[PDB]
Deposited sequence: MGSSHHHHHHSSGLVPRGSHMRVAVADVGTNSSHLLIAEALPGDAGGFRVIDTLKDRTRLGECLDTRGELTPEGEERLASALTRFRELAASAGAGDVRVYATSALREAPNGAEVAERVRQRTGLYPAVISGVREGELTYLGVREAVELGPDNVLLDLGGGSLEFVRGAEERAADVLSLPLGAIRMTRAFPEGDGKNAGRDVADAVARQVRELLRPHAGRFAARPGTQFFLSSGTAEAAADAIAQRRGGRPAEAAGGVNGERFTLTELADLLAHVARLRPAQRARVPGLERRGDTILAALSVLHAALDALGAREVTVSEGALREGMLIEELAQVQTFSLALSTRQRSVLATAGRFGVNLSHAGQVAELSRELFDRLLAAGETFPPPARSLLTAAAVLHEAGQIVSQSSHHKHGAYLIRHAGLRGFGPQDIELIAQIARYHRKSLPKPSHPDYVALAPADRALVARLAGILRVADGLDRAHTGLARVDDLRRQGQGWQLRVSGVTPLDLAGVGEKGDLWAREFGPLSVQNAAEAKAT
């Protein structure tokens, strides 16, 4: 029927999965099928150097396995996985991520703090009512993002090391009477020092609405509703859209600071966070106070909802600008069960690489661009290892399934031997295709070509949005490019 998609984000306290189905009309909307949270607590599995321990890698692979099983249990297919502060900052993040893909198939792709905030803002957009001027705080276990925007997307994003877990360990609590109050005071000072040079970007102006996301905000909104006389957030469906004030926050924080850590776990609504909630609430209070906020609204949408919005946008955008013939290839590719988001990205990068080669003086026949696009859309159709003549279809088949030593040996019956000009074409287009499939090996959709220059008798490709795994793939798959176009160096 309609397209099913799985996305997941690996954070510092927990990991989150969203499985959803697109909405007919190519509008960019989805219907939630399933959501799942895993308490990977990666921020508790770092060493003194910030490296993720083997126990952290066991916790990460466990959650992604559960995620990949729930996605397959719904037909969602490949899970797109972004990773935020804990992996971003671990010196062994890349090796951990490649190890976890070996064990699960899913690769935790590290995104930047600025991109994290942008995608989080889009997820907030899907859950709550944004006005013309919105400031959003997203407190995780590792970092705190500030995002300012209007009714559709983020304009400004700032990411600071003020995570609830980071702050709890940064300011260890004593056993005195005011030990808690002292932790809250010193965390408030850390927030001010780091936020001061940028607070103007996010300060309240007349008409500004403030929004909070993630589990600290959701727990705090539940504790404040239960203090004012309320049932747990399970009645009323959740905390989404709940509003609280800076005074009620400060009051809850004052209560938490007077309580010892095991007493914090028995504060209603904080049951699952008794160990970080003191420093977390201090962060939220100091940050909002520095910005001049008086009231906030809590959002249950976050990173994973923004990932689904962006993915659907890229897919439907690709489909819209495509010819009807190429659209039938996509539909066919869909009926074969290929990942359309991966297919769209490989075709876009294939086109960008092809276009710059042409600008630099590479000669290609007239249908070459069309054949590259269709083989790019179909490269991962196992059943094949409308608008096209029988020649073009064999060209496309041979581009999609290219290999040095062809499985059918040349002397073996049914061997398909294309005329020489067509053999030279298939190899050249297949070299572009391999490089492009390398650039989306991690299924991020974020790789972009910046520049493709001749370098001696070779080439120099500049690229962004690329994980370490995508860069490694281009090295493994660019041998054919180097055998047809000259050696290729990648950068950035």
Notebook entry, point to check: Relative to the deposited sequence numbered from 1, which residue ranges are unmodelled?
Noted result: 1-18, 404-421, 529-535
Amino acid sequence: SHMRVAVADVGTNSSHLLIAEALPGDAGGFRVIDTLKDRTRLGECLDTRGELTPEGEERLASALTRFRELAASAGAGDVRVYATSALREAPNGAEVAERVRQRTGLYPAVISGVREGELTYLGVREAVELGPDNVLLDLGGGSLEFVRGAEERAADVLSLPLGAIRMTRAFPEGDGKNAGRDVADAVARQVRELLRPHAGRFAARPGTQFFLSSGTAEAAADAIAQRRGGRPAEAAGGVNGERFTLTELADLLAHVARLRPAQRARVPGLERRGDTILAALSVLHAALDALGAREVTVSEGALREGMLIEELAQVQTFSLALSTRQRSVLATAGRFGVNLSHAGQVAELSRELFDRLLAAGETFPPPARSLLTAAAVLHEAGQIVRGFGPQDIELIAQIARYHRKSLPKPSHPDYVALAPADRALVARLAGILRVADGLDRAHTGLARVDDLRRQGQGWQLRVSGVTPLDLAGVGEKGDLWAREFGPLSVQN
From here on, numbers count along this sequence of modelled residues.
Notebook entry, point to check: Among the other PDB entries compared that flank it on both sides, is residue 376 unmodelled in a third or more?
Noted result: no
Check: Is residue 325 without coordinates in at least a third of the other compared PDB entries of this protein that model the residues flanking it?
Finding: yes
Next item on the list: Look over 79-87 and 361-369 in the entry and identify the one with the greater average Cα temperature factor.
Entry: 361-369
Next item on the list: Averaging the C-alpha B factors as listed in the entry, name the stretch that ends up higher: 159-167 or 347-355.
Entry: 347-355
Note to self: Per the entry's Cα B factor values, which of 176, 141, 301, 292 stands out as the maximum?
What the structure shows: 176
Note to self: By the CA temperature factor listed in this entry, which of these ranks top: 336, 146, 107, 121?
What the structure shows: 336
Margin query: Taking only the Cα B-factors deposited for this chain, tell me whether residue 5 sits in the lowest, middle or highest third.
Written below: middle
Check: Ranked by Cα temperature factor within the chain, is residue 446 in the lowest third, the middle third or the highest third?
Finding: middle
Notebook entry, point to check: Mind checking which third residue 11 falls in for C-alpha B-factor across the chain?
Noted result: lowest
Item checked: Chain third (lowest, middle, highest) by recorded CA B-factor, residue given as residue 465 -> middle
Check: Compared with the other modelled residues in the chain, in which third is the CA B-factor of residue 193?
Finding: lowest
